[PDB]
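Peer 1:
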Ligand SMILES: O=c1cc(-c2ccc(O)cc2)oc2cc(O)cc(O)c12
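Numbering (PDB author numbering), first residue to last: 54 to 520.
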């Protein structure tokens with residue numbers, strides 16, 4: 054009851070918006086480009102030559118990455134005081150401000166407004182996904198935590214799906230309706246503001262430093278559905294004592310430490326390959342990719358909808374495949390299948406003219422690419438990242454992984470149009486090479502981590518640390 058309500062509310066407040074804004078920029082792309090052309094003609098009197106327009110569009114699409122980067126560093130200062138629930142409500146405030154700055158951008162005719170709104174709502178994204186997971190884990194019993202991890206994954210997926218859905222030409226794709234594309238964001242924010250504050254805070258947050266015994270006890274009683282929660286309180290107090298008995302280590306000291314150099318290189322490379330694979334690239338430029346494959350323009354939005362649907366279905370299937378296959382074989386198989394399907398995509402795009410039914414092969418290839426992603430390395434890199442380190446929840450680790458995550462997303466978003474401009478019919482070879490290289494590296498380096506203690510994996514890594 055209360056558990057499910059809180060889970061749905063938090064996910065809808067943060068991860069749903071992140072997924073929506075991940076793939077809401079593709080459907081109105083031609084209209085926004087026309088707006089850029091018109092605004093520049095008004096302001097300067099000279100039309101934009103196409104490469105400058107493509108660069109401006111790339112900046113607009115990819116500045117979300119820098120927004121998320123600065124979010125995943127402002128969260129460190131915010132969470133020390135604002136907690137979890139109030140942090141999510143402030144996140145809601147960013148969402149309101151950013152959505153309103155989006156909606157009024159067209160009529161005012163100042164694209165600077167759109168850029169600043171994108172940056173703010175990117176800060177929203179980085180504050181969202183670094184506060185939601187801890188809250189979701191903390192408000193749930195031990196036996197269900199993995200289920201809520203799959204819940205946040207599924208809500209990100211459904212946010213992407215509904216973003217690809219609302220971009221349909223009939224609903225919110227017309228020339229007189231596209232501003233409502235960044236005006237829908239108000240509703241999830243409003244419902245989150247109306248739902249979340251009527252729930253108890255994070256009990257762990259209330260007991261680690263707030264020391265609110267009665268409030269924490271009430272929160273455990275409400276969330277766990279039982280009045281016998283003293284054992285959990287004692288367990289979390291013991292965990293707090295253990296953590297306070299261990300000295301914290303800084304990011305710079307962690308980097309200078311020789312016994313975790315291989316671990317940090319592994320996590321950095323895993324994040325770089327998980328975000329340079331190009332799934333976010335397709336999510337941003339699905340319309341352009343499917344148009345360049347020879348599919349008639351009359352059906353591209355529907356095929357994009359199919360992409361979103363299969364991506365959500367792959368998430369649902371992964372939610373159970375993960376618990377039974379593993380981590381290292383799953384990651385290696387996912388990246389290798391990414392490479393092979395990128396090869397079949399380029400062999401079906403290079404010779405699209407030979408037969409009429411080749412674009413259908415392109416669609417099937419993209420289908421399988423997204424399925425292999427979302428059922429494979431789609432979610433594990435966010436668990437394995439903690440799993441490497443001995444502490445297993447290192448803020449330095451989550452600072453050194455998120456930085457590379459957001460910078461790689463920035464690189465992909467700002468360079469994919471130019472990659473296409475260079476390699477119209479081969480632009481997926483670069484992503485295929487990246488994916489295969491990542492697969493090779495993590496096959497020769499990363500050892501299996503399921504049902505393994507941190508001591509054994511530390512021993513295996515030290516076997517290569519030469520120390
Ligand atoms: O927890 C996360 C989950 C996802 C994700 C995105 C798409 C999927 O089909 C499954 C998971 O991306 C992320 C990207 C980030 O930069 C940070 C995350 O925590 C996540």
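We put the CB at the ideal spot given by N, CA and C, even for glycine.
Suppose the cutoff is 8 Å on Cβ atoms and the five residues either side in sequence are ignored; what does the same chain contact list for residue 333 look like?
Peer 2: So the list reads 75, 462, 465, 466, once near-sequence residues are dropped.
Peer 1: Is it true that the stretch 174-192 meets the stretch 115-123, where meeting means three or more beta-carbon pairs spaced less than 8 Å apart?
Peer 2: Touching, yes, given that three or more Cβ pairs across the two stretches are closer than 8 Å.
Peer 1: Per DSSP, what kind of secondary structure is residue 405 in: helix, strand or coil?
Peer 2: If DSSP states are grouped into helix, strand and coil, residue 405 belongs with coil.
Peer 1: Figure out for me which residue from 496, 135, 402, 425 has the closest Cα to the Cα of residue 481.
Peer 2: Closest by alpha carbon: 402.
Peer 1: Report the three-state DSSP secondary structure of residue 432 (helix, strand or coil).
Peer 2: In the structure shown, residue 432 sits in coil (DSSP, three-state: anything other than H, G, I, E or B).
Peer 1: In three-state terms, what does DSSP make of residue 193?
Peer 2: The answer is coil: DSSP assigns residue 193 none of H, G, I, E or B.
Peer 1: Can you list, in chain order, the stretches of the alpha helix (DSSP H) that have 4 or more residues and sit fully within the stretch 412-491?
Peer 2: Qualifying alpha helix (DSSP H) stretches, in chain order: 434-441, 448-475.
Peer 1: Nearer than 7 Å: is that true of the beta carbon of residue 361 relative to any heavy atom of ligand 1?
Peer 2: No, ligand 1 has no heavy atom inside 7 Å of this Cβ.
Peer 1: In or out: residue 406 buried (at least 16 other Cβ within 10 Å) or exposed?
Peer 2: By the neighbour-count rule (16 or more Cβ atoms within 10 Å), residue 406 is not buried but exposed.
Peer 1: In the structure shown, what three-state DSSP assignment does residue 320 receive?
Peer 2: Reduced to three states, the DSSP call for residue 320 is helix.
Peer 1: Please list the terminal residues of the continuous alpha helix (DSSP H) segment that includes residue 65.
Peer 2: Note, residue 65: alpha helix (DSSP H), 55-75.
Peer 1: Specify the secondary structure class of residue 257 as computed by DSSP and reduced to three states.
Peer 2: Residue state, collapsed to three classes: helix.
Peer 1: To the nearest whole angstrom, what separates the beta carbons of residue 361 and residue 214, a pair I think is in contact under 8 Å?
Peer 2: About 4 Å separates the two Cβ atoms, so the contact holds.
Peer 1: Would you call the stretch 246-259 and the stretch 135-144 in contact, with 3 or more CB pairs under 8 Å?
Peer 2: These segments touch.
Peer 1: Could you please give the first and the last residue of the uninterrupted alpha helix (DSSP H) stretch that includes residue 93?
Peer 2: Element bounds for residue 93: 82-97.
Peer 1: Assuming contact is defined by CB atoms lying nearer than 8 Å, are residue 458 and residue 315 in contact in what I supplied?
Peer 2: The answer is no: Cβ separation not under 8 Å.
Peer 1: According to DSSP, is residue 499 helix, strand or coil?
Peer 2: Reduced to three states, the DSSP call for residue 499 is coil.
Peer 1: Would you mind sorting residue 227 into buried or exposed? The rule is 16 or more other CB atoms within 10 Å of its CB.
Peer 2: Exposed is the call here.
Peer 1: Is residue 334 near ligand 1, with its Cβ less than 7 Å from a heavy atom?
Peer 2: The answer is no for residue 334.
Peer 1: Counting C-beta neighbours from all protein chains within 10 Å, is the total for residue 130 16 or more, i.e. buried, or is it exposed?
Peer 2: Under this definition residue 130 is an exposed residue.
Peer 1: For residue 228, does the three-state DSSP call read helix, strand or coil?
Peer 2: Note: residue 228 maps to coil in three-state DSSP.
Peer 1: What is the DSSP secondary structure of residue 349, counted as helix, strand or coil?
Peer 2: In this structure, residue 349 counts as coil in the three-state DSSP scheme.
Peer 1: Any heavy atom of ligand 1 closer than 7 Å to the Cβ of residue 364?
Peer 2: For ligand 1, at least one heavy atom lies less than 7 Å from the Cβ of residue 364.
Peer 1: Across the stretch 425-445 and the stretch 363-382, are there enough close Cβ pairs to call them in contact, namely three or more that are closer than 8 Å?
Peer 2: Short answer: they touch.
Peer 1: If the criterion is Cβ atoms closer than 8 Å, does the pair residue 189 and residue 60 meet it?
Peer 2: Cβ distance < 8 Å, so residue 189 and residue 60 count as in contact.
Peer 1: Tell me the residue span of the alpha helix (DSSP H) that contains residue 110.
Peer 2: Looking at the DSSP string, the run of the alpha helix (DSSP H) that includes residue 110 is 103-135.
Peer 1: Taking the alpha carbon of residue 449 as the reference point, which residue from 382, 484, 167, 307 has its own alpha carbon closest?
Peer 2: Out of 382, 484, 167, 307, 307 has the C-alpha closest to the C-alpha of residue 449.
Peer 1: For ligand 1, is there a heavy atom less than 7 Å away from the beta-carbon of residue 469?
Peer 2: No, the Cβ of residue 469 stays beyond 7 Å of every heavy atom of ligand 1.
Peer 1: Give the secondary structure of residue 377 by DSSP, where H, G and I count as helix, E and B as strand, and everything else as coil.
Peer 2: Residue state, collapsed to three classes: helix.
Peer 1: If you count every other CB in all the chains shown that lies within 10 Å of the CB of residue 167, and 16 or more means buried, which is it?
Peer 2: So residue 167 ends up on the buried side.
Peer 1: Taking DSSP as the reference, what is the three-state secondary structure of residue 143?
Peer 2: If DSSP states are grouped into helix, strand and coil, residue 143 belongs with the helices.
Peer 1: Pop quiz: residue 180 and residue 127 are said to be a contact at Cβ under 8 Å. What is the actual Cβ separation, rounded to whole angstroms?
Peer 2: Yes, residue 180 and residue 127 are in contact; Cβ-Cβ is about 7 Å, under 8 Å.
Peer 1: For a quick check, are the C-beta atoms of residue 256 and residue 272 less than 8 Å apart?
Peer 2: Yes; because the gap between Cβ atoms is below 8 Å, this pair is in contact.
Peer 1: Check whether the Cβ of residue 435 sits closer than 7 Å to any heavy atom of ligand 1, and report yes or no.
Peer 2: Yes, the Cβ of residue 435 comes within 7 Å of a heavy atom of ligand 1.
Peer 1: How about residue 521 and residue 87: do their beta carbons lie closer than 8 Å?
Peer 2: In the structure displayed, the chain extends from 54 to 520; residue 521 sits before or after that span and is not available.
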